[PDB]
Amino acid sequence: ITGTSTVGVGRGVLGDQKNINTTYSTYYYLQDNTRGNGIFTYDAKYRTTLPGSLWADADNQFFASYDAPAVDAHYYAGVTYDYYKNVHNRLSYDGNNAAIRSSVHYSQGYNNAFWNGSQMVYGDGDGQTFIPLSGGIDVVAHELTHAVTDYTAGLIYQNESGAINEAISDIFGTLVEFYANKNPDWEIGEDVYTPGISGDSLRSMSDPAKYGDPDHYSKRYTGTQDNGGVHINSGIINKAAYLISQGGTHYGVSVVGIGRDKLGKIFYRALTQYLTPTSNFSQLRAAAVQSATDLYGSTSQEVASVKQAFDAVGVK
Ligand SMILES: CC(C)C[C@H](NP(=O)(O)CNC(=O)OCc1ccccc1)C(=O)NCCC(C)(C)C
Ligand SMILES: [Ca+2]
Ligand SMILES: [Ca+2]
Ligand SMILES: [Ca+2]
Ligand SMILES: [Ca+2]
Ligand SMILES: [Zn+2]
């Protein structure tokens with residue numbers, strides 16, 4: 001809506017206070033005009049009709065329990081925008097500063113979050129498996145990264161291309177978490193997953209097998225559940241990404257780590273220049289090798305490490 005840019009203050013899902021960019025016109029709206037063509041956050045009001053209503057608040061203070069998921073969806077969308085712009089020179093998910101829209105309070109007891117083709121959507125969780133999912137910066141960045149993927153590589157959401165799609169969202173979700181630098185790790189969703197259990201997470205990139213996901217191509221899921229295992233086989237690529245960044249010896253194969261910034265550069269370039277909607281794991285390896293070659297040279301350590309990492313997870 002048309003109005004003037006303002007700065008509100010509120011508390012997120014985990015009880016942390018933060019400033020948020022808002023817009024004043026009669027009400028204060030969760031509309032951040034400081035980034036691209038805006039970041040807009042909506043109330044889905046426990047319904048499934050989207051987007052719901054643009055979040056309106058009387059006083060620009062967002063400390064109510066009901067406000068918390070909105071505060072975090074809005075704020076972490078801003079951090080994710082900043083990551084893509086500052087680190088990769090990418091302006092929003094389409095590269096042209098498309099408005100970023102999110103809805104919170106989607107459905108009832110909803111243990112998931114998603115990109116629906118046009119916007120981000122966050123459940124509140126059931127309080128057992130999840131608390132409101134926008135409380136995780138890696139989750140928010142995971143969702144916005146689906147939009148980036150859809151506008152670029154266009155990876156079809158099934159089988160190997162879908163597992164790459166998932167891994168790309170976990171990788172950049174994690175790199176955004178490191179960018180913000182608050183309790184960063186190589187785990188996925190730990191801040192909002194299972195409030196009754198400390199120290200777990202939905203997935204692990206450093207050790208996918210800890211939560212049942214394969215860490216080697218020979219252990220890939222070949223069934224039909226989960227669109228052919230997109231959230232399962234992502235572990236194979238997540239592990240390769242982890243190894244490229246941090247190094248390690250995995251199934252006897254040693255990888256020299258090159259750090260998270262170079263991981264990000266290599267995978268961003270692969271995603272935006274080389275991957276196609278039907279890319280499989282072998283084709284991702286080739287894309288990553290080519291990207292590292294473009295950036296660092298064919299004889300580089302970076303290229304050598306990409307090859308070792310994919311070798312370690314059994315992808316040729
Ligand atoms: C990062 C986590 C917290 C959320 C993450 N959500 P996601 O974006 O991968 C779910 N998305 C999804 O299924 O998209 C498919 C889709 C396409 C088009 C329109 C609508 C939906 C996830 O791993 N979901 C799976 C969760 C489960 C079922 C394993 C608990
Ligand atoms: Ca208020
Ligand atoms: Ca963390
Ligand atoms: Ca994390
Ligand atoms: Ca937990
Ligand atoms: Zn996903």
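Counting starts at 1 for both ligands and their atoms, following the listed order. Numbers for residues simply follow the sequence, beginning at 1.
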Among the N, O or S atoms of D185, the one nearest the Ca ion (ligand 3):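 The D185 atom nearest to the Ca ion (ligand 3), restricting to N, O or S, is OD2.
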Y193 O and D200 OD1 subtending at the Ca ion (ligand 5) (10° steps):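 The two atoms form an angle at the metal of about 120°.
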Nearby protein N/O/S atoms (those under 2.8 Å) for the Zn ion (ligand 6), with water ignored: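 Checking every protein N, O and S atom gives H142 NE2, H146 NE2, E166 OE2.
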Ion pair [X]/[Y], N-O distance below 4.0 Å:
X    : Y    : value
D311 : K316 : yes
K18  : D72  : yes
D170 : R203 : yes
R35  : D32  : yes

Parallel, tilted or perpendicular, as decided by the 30° and 60° cut-offs, for the rings of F172 and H88: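 Geometry flag for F172 against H88: perpendicular rings.
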If the cut-off is 3.0 Å, does any N/O/S atom of [X] fall short of it from the Ca ion (ligand 5)?
X    : answer
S201 : no
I197 : yes
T194 : yes

Spacing of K45 atom NZ and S53 atom OG [to the nearest 0.5 Å]: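 The OG atom of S53 is 3.0 Å from NZ of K45, to the nearest 0.5 Å.
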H231 side chain to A163 backbone, donor-acceptor under 3.5 Å: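 No; judged by distance alone, with no hydrogens or angles, the pair does not exist.
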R90 side chain to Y93 backbone, donor-acceptor under 3.5 Å: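 Answer holds: yes.
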N, O or S atom of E187 closer to the Ca ion (ligand 3) than 3.0 Å: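 Checking the Ca ion (ligand 3) against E187, no N, O or S atom falls under 3.0 Å.
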Backbone or side-chain N/O/S of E177 under 3.0 Å of the Ca ion (ligand 3):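 Yes, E177 qualifies, because one of its backbone or side-chain N, O or S atoms lies under 3.0 Å.
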Side chains of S282 and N280, donor plus acceptor under 3.5 Å: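 Judged by distance alone, the side chains do not pair up.
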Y106 and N116: side chain donor to acceptor below 3.5 Å: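 Per modelled atom types, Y106 and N116 side chains form no pair under 3.5 Å.
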The Ca ion (ligand 3): angle it makes with OE2 (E190) and O (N183), nearest 10 degrees: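 Seen from the Ca ion (ligand 3), OE2 and O are separated by roughly 170°.
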